[PDB]
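Working notes for the structure below.
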Protein chains: 4
Amino acid sequence: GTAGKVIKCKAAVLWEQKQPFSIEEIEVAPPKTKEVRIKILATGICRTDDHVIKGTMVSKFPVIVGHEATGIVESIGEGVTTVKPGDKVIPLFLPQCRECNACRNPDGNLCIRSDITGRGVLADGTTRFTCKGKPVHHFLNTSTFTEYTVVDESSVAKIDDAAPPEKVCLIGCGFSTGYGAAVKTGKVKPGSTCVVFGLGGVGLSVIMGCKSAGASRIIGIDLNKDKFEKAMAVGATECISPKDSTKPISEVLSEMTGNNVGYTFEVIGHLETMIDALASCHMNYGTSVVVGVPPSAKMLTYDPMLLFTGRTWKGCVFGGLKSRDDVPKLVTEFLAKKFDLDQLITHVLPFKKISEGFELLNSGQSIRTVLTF
Amino acid sequence: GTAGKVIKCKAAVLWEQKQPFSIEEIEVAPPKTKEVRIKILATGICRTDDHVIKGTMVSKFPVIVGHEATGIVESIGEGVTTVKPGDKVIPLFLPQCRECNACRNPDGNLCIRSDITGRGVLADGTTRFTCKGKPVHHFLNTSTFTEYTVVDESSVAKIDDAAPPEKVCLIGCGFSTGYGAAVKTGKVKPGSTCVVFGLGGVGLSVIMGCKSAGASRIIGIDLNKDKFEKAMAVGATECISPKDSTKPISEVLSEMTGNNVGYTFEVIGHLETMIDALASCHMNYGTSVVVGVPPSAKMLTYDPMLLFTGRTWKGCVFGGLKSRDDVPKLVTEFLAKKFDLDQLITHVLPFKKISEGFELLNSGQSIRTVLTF
Amino acid sequence: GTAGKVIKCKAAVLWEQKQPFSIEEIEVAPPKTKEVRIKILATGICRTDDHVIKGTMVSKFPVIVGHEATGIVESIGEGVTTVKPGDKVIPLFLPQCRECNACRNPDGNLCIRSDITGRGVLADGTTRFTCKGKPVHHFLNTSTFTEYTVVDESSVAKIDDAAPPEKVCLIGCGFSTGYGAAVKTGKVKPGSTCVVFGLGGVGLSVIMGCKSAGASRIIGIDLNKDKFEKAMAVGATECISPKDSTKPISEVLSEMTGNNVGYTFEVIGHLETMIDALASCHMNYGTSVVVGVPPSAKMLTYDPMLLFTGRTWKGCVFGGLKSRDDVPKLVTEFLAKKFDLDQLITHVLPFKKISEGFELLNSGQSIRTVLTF
Amino acid sequence: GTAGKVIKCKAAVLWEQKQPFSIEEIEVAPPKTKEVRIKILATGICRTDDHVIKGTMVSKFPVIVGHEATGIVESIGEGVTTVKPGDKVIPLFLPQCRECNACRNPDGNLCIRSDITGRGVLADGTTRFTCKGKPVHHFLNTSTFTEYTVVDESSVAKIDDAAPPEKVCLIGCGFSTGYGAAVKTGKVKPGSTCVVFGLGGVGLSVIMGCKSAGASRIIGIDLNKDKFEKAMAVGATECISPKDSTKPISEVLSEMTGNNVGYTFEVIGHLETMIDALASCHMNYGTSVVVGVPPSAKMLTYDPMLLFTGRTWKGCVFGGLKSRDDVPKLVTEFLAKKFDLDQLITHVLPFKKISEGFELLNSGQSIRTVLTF
Ligand SMILES: NC(=O)c1ccc[n+]([C@@H]2O[C@H](COP(=O)([O-])OP(=O)(O)OC[C@H]3O[C@@H](n4cnc5c(N)ncnc54)[C@H](O)[C@@H]3O)[C@@H](O)[C@H]2O)c1
Ligand SMILES: NC(=O)c1ccc[n+]([C@@H]2O[C@H](COP(=O)([O-])OP(=O)(O)OC[C@H]3O[C@@H](n4cnc5c(N)ncnc54)[C@H](O)[C@@H]3O)[C@@H](O)[C@H]2O)c1
Ligand SMILES: NC(=O)c1ccc[n+]([C@@H]2O[C@H](COP(=O)([O-])OP(=O)(O)OC[C@H]3O[C@@H](n4cnc5c(N)ncnc54)[C@H](O)[C@@H]3O)[C@@H](O)[C@H]2O)c1
Ligand SMILES: NC(=O)c1ccc[n+]([C@@H]2O[C@H](COP(=O)([O-])OP(=O)(O)OC[C@H]3O[C@@H](n4cnc5c(N)ncnc54)[C@H](O)[C@@H]3O)[C@@H](O)[C@H]2O)c1
Ligand SMILES: C[As](C)(=O)[O-]
Ligand SMILES: C[As](C)(=O)[O-]
Ligand SMILES: C[As](C)(=O)[O-]
Ligand SMILES: C[As](C)(=O)[O-]
Ligand SMILES: C[As](C)(=O)[O-]
Ligand SMILES: [Zn+2]
Ligand SMILES: [Zn+2]
Ligand SMILES: [Zn+2]
Ligand SMILES: [Zn+2]
Ligand SMILES: [Zn+2]
Ligand SMILES: [Zn+2]
Ligand SMILES: [Zn+2]
Ligand SMILES: [Zn+2]
Ligand SMILES: [Zn+2]
Ligand SMILES: [Zn+2]
Ligand SMILES: [Zn+2]
Ligand SMILES: [Zn+2]
Ligand SMILES: [Zn+2]
Ligand SMILES: [Zn+2]
Ligand SMILES: [Zn+2]
Ligand SMILES: [Zn+2]
Ligand SMILES: [Zn+2]
Ligand SMILES: [Zn+2]
Ligand SMILES: [Zn+2]
């Protein structure tokens, strides 16, 4: 059996910054106390993983990226009580220890164990991956571009057995982030007028969230007009582009709504568009939510008056969800046909084609690409 | 009688920026349509007024400042229905026309008639003051450093007749802003921890707000340790100065609280402290309210990452109050003994002694100085 | 695009009388010769619309009511020449073909195309709505509680582009009616004494008309004493309720004015108040204008002596205004700030909250609720 | 002389209703303060006088009716200043005290002193006639079927000495009623189309009034076709009878005029025809003037929708004339040859033949019958 043993399996390893993937043969250490070794069934390609490759996301090397996936528990560590071998699960980059301040607080979800600094190691401070002697790091409490991974129990979400791995894997990041961004972070209201910068997989998910929140007008923004057809079909009552006019996108949006934009979402990852989305919500009651991760070590410079007048500016992590709580529920909600993830998955390919996946994403020819094992 | 006629009286004029007050004899034209001419009984000296003098706040010159006051209606203009002569009123710098989007919005308050650009005129675009054959500008729909002033009806609140004008005048800016900032803009929850950057008149008011909201810890921060005694008398659990330690204030606060700073309030007017306040609240579930008025034409550069983690950053105008509905309620609550304003008034001087009032404000030797007529 | 195509949208339908609204998916056929398809931006809730529900206003079922609205022309049918796609417009329940007698007569305004018999169809006799494969009838040449509607060109007024939809929609009925009822129909002369029975949306507008005309005393009447505050503000000099005294309201009015009630307006819709309003004007030189709609199939029995003595009794449709001529002019006058429409609008809600709009009217809590799309 | 002495003379008296006159010897008391005793030269027989006999008009018994006449002032009471003995006058059944609201109001004419209640007394509340000991009552402030009568100075119009008393007496009721009904109450416009219900003495005068107003069409209506030739002679353009067709008269008239009946006058006295007259004027811009006196204590039931659509419905007392100002002018205009009264007088008989006059009226063999002394 594999339990207790070291599992030799393949994994898409990254040896250094700005280098292509390399599918090595690696060895996954068995789960120590309160850890869980998971066999990955399908993992999607989130734009964040690409950040590490680009170097806009802090990370130690070598590292096995990937964090959006579904899998089965191959073996539980000592002291594990939330899952047993055979259970279907979803690895949580955003954990839920249920013990820290942010966890004990209904309005907080950024668990203390959240890898926000590029630690690239588990709770005890070590790695569980080896490749050619040298140890390979973790990515955001997960690492899913591997046949097997080992995560802390606090980052394991037991989900329903009948859940399609290649679909619900979007609940591990992309979908839950955009949806929760509207529903739980900005808390969009019925009849509201929202704006969505960036029509990628998370962008399209925010639109879905707003629409499910009763927003009557949802304007989608993107440079890539090819994304519009998807946007309009997701819930966008309209879609425009910064380049369609020479006047500030803020002014345009104002004029379009007669100065009544109650919500704006930045779902790209640019600082320039963070100022844009802020400037675009109403100067006194408008709320601007930042979903896109800003590039590492970049300082923002804007006009504070835009905030003084009353605007609310907040950031978002995993759509404001409390991972271990909300994730299994969101899976149940999918099974009950409540939301369609299929609209998001533009490509389903075998793990080996990972390089193609990062070619597609980077060309705008795809929303979500699910790598299957 | 004086109704219908031009009134000749004394007003503290500011002929140009970076110049002292000049108490001239000016002419106050009678109230046109839906305008109200008020006899000023008591007016407080607010830091925002000093900004006009210092030159860090936009204004046309000459101009009559003052915007925190209690008065009596001398005469109403044609069409006025909410007040009649002899009525006790508080002129409002933040109007409430009850008809615009912000006014109609239950989460708004920055009425479209607000003089947010330093126009220095009333709704019809004209001034009611003249001195030496020259038209003197109005200040934020009010101008109270004058025996009489004329405001629009949307900028007048009828208050209880029994209200001590030399106390409830703070309800026209200082107290309402601070107290509102905590109870309304911030929505401080009971049992939480708050940090107030700035212990002047507004700062101390925010403490009263947090205290009214049930917060278990309210930490005051000021470089002037002479402010601490007062801060403690009005509810602060403890006070400290940034100069007390070399490590970042945000680190000190986090440590002092076990990483649990629920809310912070910038009640000073420095971009640097705005960022310190932002950073000092819990990265994921913390809220930071910008009460202080940023100096004219200065951009703010801060680390975006501070936001992304989930922090909520929001502006604050007049405590988030809908002026015409809330000011009378605060007066009613003052008369209901729900809070004391005496703790905020450290000096009560004749109007002619305004320059001494400004000296004490600047020298840190006074919270609120109230000028009487 | 949508031109020449069947639009699919949502509309609040009434399947039978004495039933709640049921927002359904409906199809709206493209405009035929001389018709115009309009996208609705905002629409008011008029008491007449509620009559259909109550069964006291004739209509064929199912039907889409709503008539007080502002919109933008989605497209124009063959032969149209007064509006073009993009034009902002107010749909007119009161046509103005300009050919018929009432149209050619400077004192007339009820065009032959006016729907006074519950025809619920367009000029060619057919419908443009379908729901579940079945025709749905129009209402008063308009039908605005739908995202899209088609009207005959005779029933559209091209208004100024800067006109705020959620405000100028009141010019499609409520305001123009009660305003003109005083200025145009009753031709209230300066110095007179007017009396308004009913202080709702239309009743308040009547008062503005009387005030505008020059009446010296405008007396408002309403069983709902909560409506007094606004009547007073709008122009009333005093208000009273039928209940305040046991003596017939006419006696009360005679005694208050010393038998000098020049004009009376019935802005309710009860036969009893129609008579009450009649008996209330001076028996020999008094004029009584009926603005309220009398319930269908109800005969009015009165004392002919009230009339014989010299009293003038006259009906009033849309305040006696000629639709396509006067609507564009009232919009322009609004933009010139001649009359205040926002005083009438107490609630702005999103279209989906229609039931709430009616319940508010029916509970006596609103004047006008504007539903926005 | 007779001045100051009780005058014994004859008069036609009704001892009770539904009883023919009885020429008796009566005593006419001298004129008290501000009264005038008049010698009746000529008096006309108006249908209203017959209402008293039939019982459909309210009056006390016994009584001396008649109210249409010309006479000469025998003696004036104390304080009289408008007329002197020998002066030719016309007694006014409709007074003009010049001090009540109606009298002072330019649009009023029903003076406060009018006997609208059936009192049959003078201003001071007493009678002046006596017969067989018992006092007989006055009628409509006049009483003219007597050789002598006493009216109040307010009910006395001094006319031109050169006026044919047997012709100008029509200016005491009939002519003035119908003529003014068109020109003053109805304000008939040039080129309009009028319809006159009732081709009797008052109707023919309305027709003369419509003809002077410049009407284009004047359609007369009567059950008695023998009345047509005269109607055509005074100005009618055509005449018809309700029985000429089975379809409602309103439809007939509409078809005849192409739905353009601007004015309708009811000069008969039936509630049914008052309604028929209403429904016969254009539903929106039509005006219906009620001239015929409705039978006492009879309620009128109609369809309020006839009024609602815009019809103006109004009463008429003495064709809208302010008796003391207008009667003298009508006489002067008569002597200016403006109109011809001869056409209205079909018979001139001596006072003793009163019964014949009433026989001819009730049989349709006479228009106006004048009784001479
Ligand atoms: N906060 C989190 O919890 C969280 C979770 C998931 C993803 N993310 C972050 O969200 C962002 C996007 O997520 P994604 O997976 O949907 O990426 P994505 O690439 O699919 O979306 C990028 C979209 O933005 C559009 N875009 C790029 N530049 C633009 C510009 N200048 N103006 C308008 N549109 C522009 C692109 O055309 C594309 O449609 C990334 O920063 C990712 O790291 C954050
Ligand atoms: N939002 C608004 O509606 C509104 C309303 C009223 C006042 N204000 C603004 O609020 C701010 C305060 O008003 P105030 O009347 O209470 O002024 P104040 O002069 O009484 O208070 C300033 C306080 O901050 C302290 N301070 C100054 N620099 C500091 C620093 N670097 N670190 C810590 N403490 C420092 C001062 O010692 C003083 O105690 C000003 O910006 C004023 O313009 C805004
Ligand atoms: N003539 C038309 O062209 C035209 C146009 C618009 C509306 N209307 C009709 O006008 C009438 C009122 O319109 P609205 O929109 O202003 O409705 P509304 O409901 O807002 O106003 C009705 C008002 O009358 C008051 N009222 C009701 N019963 C009363 C009574 N028994 N005695 C005294 N006051 C009483 C109500 O409390 C309310 O204040 C309705 O009949 C409507 O159908 C007619
Ligand atoms: N308003 C006043 O100031 C005033 C003044 C004078 C007369 N009146 C009233 O005017 C009315 C007419 O007076 P008149 O003196 O001319 O009397 P009248 O008898 O001469 O005229 C009555 C006419 O109506 C016709 N008529 C009756 N029933 C008919 C019907 N159903 N349809 C059509 N025609 C019919 C008769 O044939 C006759 O031609 C009476 O009611 C009288 O009391 C009122
Ligand atoms: C079937 As049915 C009552 O709508 O005619
Ligand atoms: C007129 As039906 C659709 O109710 O039968
Ligand atoms: C035609 As039916 C009375 O069923 O609505
Ligand atoms: C004759 As017509 C068209 O005005 O009814
Ligand atoms: C006598 As004629 C006016 O009908 O021609
Ligand atoms: Zn991701
Ligand atoms: Zn935790
Ligand atoms: Zn980009
Ligand atoms: Zn201030
Ligand atoms: Zn406002
Ligand atoms: Zn100036
Ligand atoms: Zn400072
Ligand atoms: Zn001191
Ligand atoms: Zn039916
Ligand atoms: Zn209406
Ligand atoms: Zn039908
Ligand atoms: Zn027409
Ligand atoms: Zn009612
Ligand atoms: Zn207004
Ligand atoms: Zn008569
Ligand atoms: Zn009089
Ligand atoms: Zn008697
Ligand atoms: Zn008859
Ligand atoms: Zn005979």
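Below, chains carry the letters A, B, ... as their sequence lines are ordered, and counting in each starts from 1. For the numbers below, each heavy atom of this structure counts, side chains included, while hydrogens, waters and symmetry mates do not.
Per-residue counts of heavy-atom pairs under 4.5 Å with chain B were compared for A/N109, A/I112, A/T301; the largest is that of A/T301. Counting heavy-atom pairs closer than 4.5 Å to chain A, the top-ranked of the candidates B/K298, B/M274, B/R311 is B/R311. Most heavy-atom pairs under 4.5 Å with chain A: of the set B/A102, B/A297, B/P304, this distinction falls to B/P304. Taking A/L306, A/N260, A/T309 one by one and counting their heavy-atom pairs under 4.5 Å with chain B, the maximum is reached by A/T309. Top candidate by heavy-atom pairs under 4.5 Å with chain A, chosen from B/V317, B/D303, B/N105, is B/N105.
Atom CZ of B/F308 is separated from atom CD of A/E266 by 10.0 Å, given to the nearest 0.5 angstrom. Here CE of A/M305 is found 10.0 Å from CE of B/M299. Values are rounded to the nearest 0.5 Å.
In the displayed structure, B/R119 atom CZ is contacted under 6.0 Å by at most 12 heavy atoms of other residues, nucleotides or ligands. Crowding of B/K322 atom NZ: a count of heavy atoms from other residues, nucleotides or ligands under 6.0 Å exceeding 12.
The side-chain heavy atoms of A/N259 and B/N101, taken from C-beta on, include no pair separated by under 4.5 Å.
Of all residues spanning residues 278-296 of chain A, those with a heavy atom less than 4.5 Å away from chain B's heavy atoms are A/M283, A/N284, A/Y285, A/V290, A/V291, A/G292, A/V293, A/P294, arranged by number.
Sorted by first and then second residue, the pairs that involve residues 185-201 of chain A and meet side chain to side chain donor-acceptor pair (under 3.5 Å), not counting sequence neighbours, are A/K189-B/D107.
Ring pair A/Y302/B/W313 is perpendicular by interplanar angle, where above 60° counts as perpendicular and below 30° as parallel.
Of all heavy-atom pairs between A/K314 and B/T312, the closest is CB-OG1, 3.9 Å.
Only the side chain of B/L271 comes within less than 4.5 Å of a heavy atom in chain A; its backbone stays farther off.
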